[PDB]
Amino acid sequence: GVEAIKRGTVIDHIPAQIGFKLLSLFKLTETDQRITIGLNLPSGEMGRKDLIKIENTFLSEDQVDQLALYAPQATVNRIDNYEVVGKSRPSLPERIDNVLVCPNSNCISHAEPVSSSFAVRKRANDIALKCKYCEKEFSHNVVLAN
Amino acid sequence: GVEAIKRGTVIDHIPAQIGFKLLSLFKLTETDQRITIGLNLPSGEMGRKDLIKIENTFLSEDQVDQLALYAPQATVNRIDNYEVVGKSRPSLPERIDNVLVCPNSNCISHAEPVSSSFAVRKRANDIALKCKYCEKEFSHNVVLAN
Amino acid sequence: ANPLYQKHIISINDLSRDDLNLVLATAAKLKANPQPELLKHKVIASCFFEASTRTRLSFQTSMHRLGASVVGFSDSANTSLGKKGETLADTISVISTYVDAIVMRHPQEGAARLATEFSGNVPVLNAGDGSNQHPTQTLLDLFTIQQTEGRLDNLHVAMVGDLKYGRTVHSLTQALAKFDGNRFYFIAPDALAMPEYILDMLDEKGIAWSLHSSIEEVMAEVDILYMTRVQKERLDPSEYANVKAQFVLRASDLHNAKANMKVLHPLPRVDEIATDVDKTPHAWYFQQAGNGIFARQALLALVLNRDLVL
Amino acid sequence: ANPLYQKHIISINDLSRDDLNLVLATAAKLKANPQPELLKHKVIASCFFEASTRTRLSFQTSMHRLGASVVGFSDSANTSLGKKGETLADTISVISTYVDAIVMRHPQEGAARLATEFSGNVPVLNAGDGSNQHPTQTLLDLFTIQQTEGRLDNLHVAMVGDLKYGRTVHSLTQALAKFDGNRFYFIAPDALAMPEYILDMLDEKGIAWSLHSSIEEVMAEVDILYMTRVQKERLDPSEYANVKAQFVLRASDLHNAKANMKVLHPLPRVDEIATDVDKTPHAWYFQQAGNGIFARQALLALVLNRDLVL
Amino acid sequence: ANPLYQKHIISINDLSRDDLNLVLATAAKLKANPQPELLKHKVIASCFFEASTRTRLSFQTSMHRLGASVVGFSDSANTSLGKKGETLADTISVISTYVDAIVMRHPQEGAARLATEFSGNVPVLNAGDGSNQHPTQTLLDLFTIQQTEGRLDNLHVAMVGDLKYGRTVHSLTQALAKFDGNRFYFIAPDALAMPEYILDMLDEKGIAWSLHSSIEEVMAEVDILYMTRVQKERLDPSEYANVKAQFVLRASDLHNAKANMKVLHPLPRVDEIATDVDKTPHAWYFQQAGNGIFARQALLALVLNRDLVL
Ligand SMILES: Nc1ncnc2c1ncn2[C@@H]1O[C@H](COP(=O)(O)OP(=O)(O)OP(=O)(O)O)[C@@H](O)[C@H]1O
Ligand SMILES: [Zn+2]
Ligand SMILES: [Zn+2]
């Protein structure tokens, strides 16, 4: 293939510059197996894409839901014994828990031992995320302000 | 396995794990050039290594040296049109400016718009770093923070 | 079993038209026939980490009138949270092993929903959380509106004030949007405007609302005029241009009002309603405050009694 | 021009035995033969952003005693840095276009080096940057040590007190490590022990140092006994166990002291040197203080004069 | 005697194009040929009842650079006005019997005019009276503008920032309105817009001014871009929305700037001029700051000398 793994995931079609944030977000560096990261590769329709290839490793649920909110274009390909057993494009979940931080400075989530949680309303314009606690709804742009 | 490049820099033989740390510490991923990182590659020379190829980018002698602080055994191979034109190896830089922050809480560097600089000194196990401004020496482990 | 037995009364969004109506019918009943020992042998906590005259005192009197005992605090200053640095999560865990219901007021938005993750089986009733929700207030306002208009449907409601940080109007609009054909007119400083998430919800239900620069332009159309206070304690320093009330109701403005129109206010009131309005047939904010006893007696009755027969 | 002309004097670690010796000889010249017009038409800024009596006033009297004019401040509060929030770097940048030399005292370590970048061509003389360096102090202590013991080489020196934040002992241990065969005795509490980097430097030069738990241990051996103050202002809350000086020195102790031994203190003195010591032949610290006039005007004269003073 | 001898310098509105031109020529003379004894035997008071770095220190260095002696205070706290409650008028009345000229900075608008009544024959030089005037600033800005653009007439000048409390822009707009065909672009937030009376005066003289919402709008046209600081200390609580400078200037903006354009700032600078501008050919504000030495000693020399300096 353009590289090759017996078992593993290849996350293709990642937007330019998101690739590295993803590596960091999903703590994919804490591993011992082969990883190939192709930063800023061609992708005809949108020119630059990033490509991560983790050998003999698959993404847990949460990461695939996060992936939906960070890189919707991306396609997770389940490879087993070089066969692309599956190719799946993420869809937005109902709720995102414990990685998002609430824009509301006076939220209770900040000061107390609780996992944050956000409800995902897919607005026609963008993703509206509603905090579990303070009940404010925010633009996903605001919420993902890195 | 990894990729064939036209012209640029391949930092080879990076101790496994450190390869990502280098890409974050020095802004190597902040570019539009194509990069191919291979984390956890069989080396033999060492069990596992990491490798980084940057197409159409070159490093300067100080830049290469700066790498010695994490990867003294790395060979920064210079490539001009598929030819190995140079093989550089990192010496201790006598000073590192801009990338590191002083652990001295009451150092002036924190409150004013100046770039950091630490004098490097090989002491007797690891590397000792003298802050230019507050003049305290700290272990290089410590300066890499927590 | 009644549908509100053991529930947490946190946000208006979690209660239906039916639960609201059940509290009001009960409320009217307790008003007609007092129940002095309906909560005999129950101890309830009144946990106020933020200032209150009405919500705290009305609740504590409702508890007494139904025969419960009360324990609590008027300020966190003296608790091991305020002095020894205990988390609110631990504060609720232990208080839940002592009492039957916890009523709490708190400065940060979401503290009541937080409390429920820790209270175990004990019901938490939200007395106000920062600028978010105030469900018990809404219930005594719905009782007052019912009481005076004889309907909770097809009214003309105007909300005047700091609509941004007013937990009272955030709960009240959500509750009235559960009734048929209610029209809304919002008069606020733009920097203290109604939150877009309530607005979206109203558009989503196909309710009609409008923005207005004055009270006189809507006066002759409204059934209820709902005045609010500028929440100084919640204002960001950028908003200090907005501390003194922009729209002040003076008795002379009511000249072209519907005879039935009622002037409501959560209270405290600062400069926004001139005391001369107090002498008119339209002023109803103290009646409303009084009505808090029946609404809160009704709520408590329902949460702690599996079946009420009254 | 003489070796130090237009030079910044920020740390002892950048001066040579040669430089140090030159400043002291100009000092002995100047002490012997005053030059009142030596800096006639020069304006120096005295910028103290931290407290002082000695350093700032001896410096300003030295400038006047050479004919120069002094402008400046002793408090940060009323500067535009104090009230209007400007950066130190911009402070130094405008001040550089007014005066010929800047004497600066500042509470963060590295402030005077930060100022050299922005002073353009104007020399910066460090009057103390936090707990780091105090090179001016070191020059008057070396003038006094030479003036009493005859020499600066092969001396026995005990430094007692807060060696961790003692800007004075940090620079003086670096200056005496540039002379032959000087012996060091460091008596400090653990928490406030001599900084490691100083010790490494001592080891590299093969300078013998030894830690001691008592003044009586070193008393019979020492030529110079250099006492310091616990830098109260700089202590972390953890270090508040030791704020009172563990080592206090009373006249009684001098029973087995060498008749040449001098007791030096940078001053202020708080509890550590008991007033009864002030009448012994050994007490020299007030003398040391006055020797600041000479060492200071010798430094100023070299830095602003091309021609070596006679 | 020369036109300004013994004159008070309180506001730009009382000076003529003639006076302004005279001060600048004395400045260029003095810059070229220093007169160190020009004020030998004069004592000036430097009375600053408000914070400063530039004004007070450049003024005191100018007095020293002409041979004069400076007495005064930089803080009100330790005067008998500060602690004992005396009136400013009595302060000025006793100070008048000691010095030959008074430089005064004060937080109320009109303080320096108040002082002229009580100074008897002693000239008062205004160093800034609240948000009103700062005539000294205006004289060094005009020296710098002439020094860079060659002329003071037919210039394009944009003043950006807090024009409402900018004592600096109030006086400088009055000074440039005394020269021919100067064009004004005022970029401020509404709340901190240019005072009306300035605008009336501009209209009377047929001076063209225009308000703009952006630096990019004026960039290609402007000769002098004069940036100001939001006078934080002077803002009413209502105005606290705008404390951060709406207009911040980064190096990027200079892409379509005329190769003669100079960026001037009275300083302190806080967020509004981004450090990257400090390396462009356009950045001149530190130069402007230093030009204060010359403009200041030219003013002092005219006011205390009968004979025009050469
Ligand atoms: N033009 C090129 N394009 C891509 N990779 C190249 C190119 N030239 C060299 N490399 C890479 O850089 C490294 C250079 O290998 P080299 O030319 O030194 O032969 P070698 O046997 O690997 O010697 P060594 O073991 O010391 O590296 C290899 O990892 C190779 O992938
Ligand atoms: Zn929240
Ligand atoms: Zn430092």
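One is the number of the first residue shown, and numbering goes on along the chain from there.
Heads up, header says this was done by X-ray crystallography, 2.8 Å.
Cβ from N, Cα, C; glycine included.
Just one of E:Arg105, E:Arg113, E:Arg234 is listed by Swiss-Prot for the same carbamoyl phosphate site as E:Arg54, E:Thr55, E:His134, E:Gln137, E:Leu267, E:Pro268, and that one is E:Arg105.
Looking at E:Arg54, E:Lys84, E:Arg105, the binding-site residues in this record, the fewest other C-beta atoms within 10 angstroms of the C-beta turn up around E:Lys84.
Note on proximity: of the binding-site residues E:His134, E:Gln137, E:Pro268, the one nearest E:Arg229 (L-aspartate binding site) is E:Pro268, by Cα distance.
Here the CA atom of E:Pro268 (carbamoyl phosphate binding site) lies 13 Å from the CA atom of E:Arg167 (L-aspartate binding site).
A distance of 29 Å separates the Cα atom of E:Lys84 (L-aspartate binding site) from that of E:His134 (carbamoyl phosphate binding site). Every protein chain shown contributes to the tally, and the Cβ of E:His134 (carbamoyl phosphate binding site) ends up with 26 other Cβ atoms within 10 Å.
The Cβ of E:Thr55 (carbamoyl phosphate binding site) lies under 8 Å from the Cβ of E:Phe48, E:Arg105, E:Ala127, E:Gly128, E:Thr136, E:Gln137, E:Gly292, each on the same chain and at least six residues away in sequence. When secondary structure is read from DSSP and collapsed to three states, E:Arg105 (carbamoyl phosphate binding site) falls in the strand class.
With a threshold of 8 Å between Cβ atoms, the binding-site residues E:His134, E:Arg229, E:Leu267, E:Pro268 that neighbour chain D are E:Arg229, E:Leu267, E:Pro268.
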